[PDB]
Amino acid sequence: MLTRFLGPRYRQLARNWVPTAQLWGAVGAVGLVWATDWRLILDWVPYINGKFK
Amino acid sequence: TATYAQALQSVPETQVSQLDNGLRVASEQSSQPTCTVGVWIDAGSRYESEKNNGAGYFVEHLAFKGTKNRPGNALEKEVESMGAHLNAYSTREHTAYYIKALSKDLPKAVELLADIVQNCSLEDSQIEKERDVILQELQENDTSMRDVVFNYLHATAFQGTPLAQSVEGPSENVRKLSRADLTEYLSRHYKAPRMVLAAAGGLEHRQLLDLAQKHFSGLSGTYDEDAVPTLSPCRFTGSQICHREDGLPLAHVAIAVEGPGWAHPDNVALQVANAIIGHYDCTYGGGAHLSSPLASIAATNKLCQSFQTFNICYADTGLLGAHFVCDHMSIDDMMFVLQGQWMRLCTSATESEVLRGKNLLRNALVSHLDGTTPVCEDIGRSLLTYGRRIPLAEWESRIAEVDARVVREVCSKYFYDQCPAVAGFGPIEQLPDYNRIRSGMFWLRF
Amino acid sequence: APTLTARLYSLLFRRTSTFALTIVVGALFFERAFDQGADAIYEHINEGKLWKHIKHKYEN
């Protein structure tokens, strides 16, 4: 019954918001990472090596 | 079955010519027994200064009240007696005088226009009689909320520029404008290369060219040395003008962003977007089912009494937005919805709505150019603006090129995160604050 | 030749997506550069730390 949202217009709607939804994830990832100081993720950024080794 | 496409090619070419004057002579022959002819000049309040503002409007009054060869009411009787109709109008960039007349009366119709355009008497007693008529039109105009609100919109949008001024001028100019001010404005502006003699109907180009040469040769037998007929660009300002009047039963509101101008191709997509949004009036059949979300929500929730989108174009600038009329407790909702629709189109337009907007433009284009007068006005002013005619088919290709993407990009450009010009008149306590309106021009989810 | 703030506006501020992405990426660096630059300011004016004091005892 979710077939109400299945059609050409909805597919074009989905498309126009992909970049936005993508970029929102970018913001969320970087933001989660930076607030918990993700050791794992961060150790790879050139500067921000304020954990020496 | 001639297809629509095919029929667009069937529209006869507009024929253009130029006298040694610089006067362009243009026609569209059609085989009607009736026709429209007149002259289009690019002169209008935008060319006027603080000092003579309202000059052209003053001439338009005088225009039909006596030439040298036909003084007093002689004009009227020549026109009236042939059954023709004589009209005129002036905007901020354009002025026109035209005759609707039996096609076989083209010769005199033309003879008449020349006489008007050149030998306007401006008899001192007449100008005095007209002083009071115009003043009166001013009191008259003050009661049309809509006219007042667009005049306000121009006044704030183009605040320190000539386009800020109205066509009629301020009352003091009407009071002090003298004959010499008029004759100088005329000489300054009614010059061949800024005039186009246009016609449409059962005529033939050569006849019109012959007449143009017969009755119009001898206008730029002079042509000026350093005169200064150039138009400076007009600064657009994000601003608001609120004329609060709780004694008025409904509010008028007009919002706009800066448009690009007559020449810009972006205008086609902007109009397509504007068609999508549409207009609305409380006498429209079917409200809840209307395509436009603004229109349908406005009809179901009674947010509105009317509203319309618009794209005013001037040279290199313009006003692109919408005006609406409503009850005191609905201004806030009307703005919220109007602004939601611009945003939605900027970032989210779908394909079928663009198709509807496209078709709406096709029907409008064609529905409009129906009959000699509208076609004449189109020939006349197109030459003023585009320089050429732009045949139906070219417009068709422009429109065809528009799809969702084009709407999204073109809308974004003029609308997205842009400072609007706001004009409001009436019971406007609930009109949103400017910051609040300004924040409605962008979307935080985008 | 447009201007700087213009470039910044076009490429990053127009959309709230980029606008937000830019500041979170801006905080990650500002924090790191502020902490460092600010610590060094705190140290340069002091110098009776546990730092310099240490040097004296790699032994036991």
Side-chain angles (χ1 to χ4, degrees), chain A, chain C:
Chain A
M1 211 133 192
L2 271 156
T3 84
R4 159 187 178 156
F5 303 102
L6 295 186
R9 198 199 139 234
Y10 291 118
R11 175 180 179 182
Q12 297 144 218
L13 256 206
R15 264 159 203 207
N16 308 161
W17 286 101
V18 148
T20 266
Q22 164 212 109
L23 253 93
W24 244 213
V27 178
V30 183
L32 192 66
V33 152
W34 145 104
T36 50
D37 273 310
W38 222 339
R39 333 148 277 177
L40 176 63
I41 308 203
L42 286 177
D43 272 2
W44 236 272
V45 195
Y47 182 81
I48 302 164
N49 287 355
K51 317 150 181 178
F52 204 97
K53 300 180 180 180
Chain C
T3 204
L4 212 143
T5 67
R7 271 203 224 178
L8 277 180
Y9 179 79
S10 249
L11 275 168
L12 292 180
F13 296 98
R14 193 149 206 269
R15 317 173 65 148
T16 324
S17 335
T18 55
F19 180 71
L21 181 65
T22 167
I23 109 177
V24 183
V25 166
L28 180 64
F29 285 94
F30 182 80
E31 179 184 38
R32 162 78 180 155
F34 180 77
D35 276 340
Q36 295 309 266
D39 293 322
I41 289 315
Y42 185 68
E43 313 188 17
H44 281 93
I45 138 161
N46 263 282
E47 302 203 309
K49 336 128 154 168
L50 193 262
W51 288 72
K52 242 179 180 180
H53 302 93
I54 301 180
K55 295 184 182 180
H56 293 92
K57 299 126 192 218
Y58 114 92
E59 311 152 320
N60 306 283

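Every chain is numbered from 1, with letters handed out A, B, ... down the list of sequences. Heavy-atom basis, side chains included; hydrogens, waters and symmetry copies ignored.
- Remark: C:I54 CD1 is packed, more than 12 non-hydrogen atoms of other residues, nucleotides or ligands lying under 6.0 Å away.
- Shown here is C:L12, whose CG atom has more than 12 heavy atoms of other residues, nucleotides or ligands within 6.0 Å.
- Across every non-hydrogen atom of C:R15 and A:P19, the tightest pair is NH2-CB, 4.4 Å.
- Rounded to the nearest 0.5 angstrom, A:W24 CH2 and C:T16 OG1 are separated by 5.5 Å.
- Across all non-hydrogen atoms, the minimal contact from A:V27 to C:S17 is CG2-O, 3.8 Å.
- The environment of CG in A:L6 is crowded: more than 12 heavy-atom neighbours from other residues, nucleotides or ligands sit within 6.0 Å.
- No more than 12 heavy atoms of other residues, nucleotides or ligands shown are found within 6.0 angstrom of CZ on C:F34.
- Interatomic distance, A:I48 CD1 to C:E31 CD, rounded to the nearest 0.5 Å: 9.5 Å.
- Within 6.0 Å of OH in A:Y47 there are more than 12 heavy atoms belonging to other residues, nucleotides or ligands.
- The candidate from A:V30, A:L42, A:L23 with the greatest count of non-hydrogen atom pairs under 4.5 Å with chain C is A:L23.
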